[PDB]
Amino acid sequence: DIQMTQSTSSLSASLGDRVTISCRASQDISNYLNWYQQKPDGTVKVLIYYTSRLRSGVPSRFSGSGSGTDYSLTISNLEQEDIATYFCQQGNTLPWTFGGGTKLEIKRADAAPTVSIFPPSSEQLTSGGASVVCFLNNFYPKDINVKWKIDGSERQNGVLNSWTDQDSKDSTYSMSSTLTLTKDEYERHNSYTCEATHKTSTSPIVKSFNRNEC
Amino acid sequence: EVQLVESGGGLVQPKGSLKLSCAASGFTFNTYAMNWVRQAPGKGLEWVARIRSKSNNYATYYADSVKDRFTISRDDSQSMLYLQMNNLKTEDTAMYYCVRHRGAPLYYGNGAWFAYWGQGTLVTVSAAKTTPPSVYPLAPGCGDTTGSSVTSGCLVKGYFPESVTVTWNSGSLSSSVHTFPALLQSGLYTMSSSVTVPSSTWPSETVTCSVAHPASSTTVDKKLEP
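So the sequence lines, in the order shown, correspond to chains L and H.
For the first sequence, the residue numbers in PDB author numbering are 1 to 27, 28A, 29 to 214.
For the second sequence, the residue numbers in PDB author numbering are 1 to 52, 52A to 52C, 53 to 82, 82A to 82C, 83 to 100, 100A to 100H, 101 to 212.
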């Protein structure tokens, strides 16, 4: 089979930049090389076919070049809506094979997270469980640390963290942190705090509640 | 415009069977070749199978990975594409896309490419059983306020398989919603969803999450309360 390689699996660029994504085929594919965009929500569309032909309806900032085994997708003057994963595909011989994808992040100005904390619900407590949840919303860059402090002591067991995709509108990220305890463990303590550490602040952004006041 | 709507995705055990469907509209279905293309979670695209038009006697082609296990077929009268999947394997776990082939090669080139894509239907091949989620409201505790905004949520815990859909106010609140990708922990998924609104409009006006988990026939609504 013909192996398609996109040697860069991820990249980060700014609005207005030139973005070049490369694709190499294991053998000559006679310019039967196509490019697709997959948006974060999973929607796929064709951009370019037969190396350089622009699909009707696709903006002219997308162009393709190459011959033989070596091909490139260029996005000139990168726009906000171009956050996506890009795939090449040869159509010369069966099976028709795809490259591994190149994920494109778009930069933006640094932004501090908005932090929200939530106690366990009555419903869950009744069932004998206790999940405390912290949201850190709309921050940049993606790297962020969240710590749980229970009565002032850090707690790491039972914590699970989930980052959103980059927001297609404003290029921010969001993350959820969930601390899951037994009901009996929950009732044993009073102060529940989530602290966010991020390059946007020298001191953490903190949210807290007290069990016996909720 | 072109619509390709996949259905039939769901949980199946190893060595089991499942049939996918795709309902096409907005183009002359019977003049085009059709494909299935798939995508394993967090992975890239893999072409699965092709069926040509009636004018080319419905010639079929398959990727070696699925050959003799999968059968691609079409019903032109109903503008439907099918994929019968037998003797399923763990590594068949994927989102499955219905895909219309490129048109006339004299205009579009001989090389194969994929002109229109559906949104996909998810197939999960796993020994684990279906488990509905527990849904819990995420309400701020009493005695704190920032005058401008409040953020609420729903926690969706301990389900299998993917996926779930959370809507806020029957889809009315779309703009302000974050969805947190599910995480698998000891055989079960958990995810959450958040919505942010004007501090005025709630609690004065009602905010409800509706959580669907089709695999377990569950739909749960949690009205959020102070």
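Note that CB positions come from ideal geometry on N, CA and C, so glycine has one too.
>> Let me make sure I understand the geometry here. Which of L:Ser22, L:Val46 and L:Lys107 has the alpha-carbon closest to that of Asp167 (chain L)?
In response: L:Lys107
> Can you list, in chain order, the residues of the stretch 156 to 181 of chain H whose Cβ is nearer than 8 Å to any Cβ on chain L?
Replying inline: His164, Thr165, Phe166, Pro167, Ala168, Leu169, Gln171, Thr176, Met177, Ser178 and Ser180
> At what residues does the alpha helix (DSSP H) containing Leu100 (chain H) begin and finish?
Replying inline: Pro99 to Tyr100B
> Residues of chain H with a CB under 8 Å from the CB of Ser131 (chain L): which are they?
Replying inline: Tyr122, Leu141 and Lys143
>> If the criterion is Cβ atoms closer than 8 Å, does the pair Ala100F (chain H) and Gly97 (chain H) meet it?
In response: no
> Can you find a CB in chain B that lies within less than 8 Å of the CB of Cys128 (chain H)?
Replying inline: Going by chain labels, chain B is absent from the structure shown, which instead holds the protein chains L and H.
> Of all the alpha helix (DSSP H) runs that stay within the bounds of the stretch 121 to 205 of chain H, which reach a length of 4 or more residues?
Replying inline: 187 to 190
> Exposed or buried, which one is residue 215 (chain H) when buried takes at least 16 other CB atoms within 10 Å?
Replying inline: A question about residue 215 (chain H) goes unanswered here, because the residues of chain H that appear run from 1 up to 212.
> When the Cα of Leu45 (chain H) is compared with those of H:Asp73, H:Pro99 and H:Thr87, which residue comes out closest?
Replying inline: H:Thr87
> Comparing alpha-carbon positions, which option in L:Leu33, L:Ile205, L:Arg188 and L:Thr5 lies nearest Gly100C (chain H)?
Replying inline: L:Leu33
> Using a C-beta to C-beta distance shorter than 9 Å, which residues of chain L count as neighbours of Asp61 (chain H)?
Replying inline: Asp1 and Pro95
>> Check for me: the beta strand (DSSP E) holding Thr126 (chain L) runs from which residue to which?
In response: Here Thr126 (chain L) belongs to no beta strand (DSSP E); instead the alpha helix (DSSP H) covers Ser122 to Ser127.
> What residue does the alpha helix (DSSP H) around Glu185 (chain L) start on, and which one ends it?
Replying inline: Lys183 to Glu187
>> My parser needs the beta strand (DSSP E) runs of 3 or more residues fully inside the stretch 124 to 156 of chain L; what are they?
In response: 129 to 139, 145 to 150 and 153 to 155
> When the cut-off is 8 Å and only beta carbons count, does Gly100 (chain L) lie next to chain H?
Replying inline: yes
> What first and last residue would you give for the beta strand (DSSP E) that runs through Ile75 (chain L)?
Replying inline: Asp70 to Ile75
>> DSSP has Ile117 (chain L) in a bridge; who is on the other side?
In response: L:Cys134
>> Check whether chain H comes within 8 Å of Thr8 (chain L), counting only Cβ atoms and requiring the distance to be less than that.
In response: no
>> In the DSSP output, which residue or residues are listed as bridge partners for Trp163 (chain L)?
In response: L:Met175
> Excluding five sequence neighbours on each side, which residues of the same chain lie with their C-beta closer than 8 Å to the C-beta of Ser67 (chain L)?
Replying inline: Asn31 and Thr51
> With a Cβ-Cβ cutoff of 8 Å, do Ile150 (chain L) and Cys134 (chain L) count as a contact?
Replying inline: no
> Distance, Cα to Cα, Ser160 (chain H) vs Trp154 (chain H)?
Replying inline: 7 Å
> Which same chain residues, not among the five before or five after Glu1 (chain H), have their C-beta less than 6 Å away from its C-beta?
Replying inline: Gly26
>> Give me the residue from L:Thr5, L:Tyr140 and L:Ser63 with the minimum Cα distance to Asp165 (chain L).
In response: L:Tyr140
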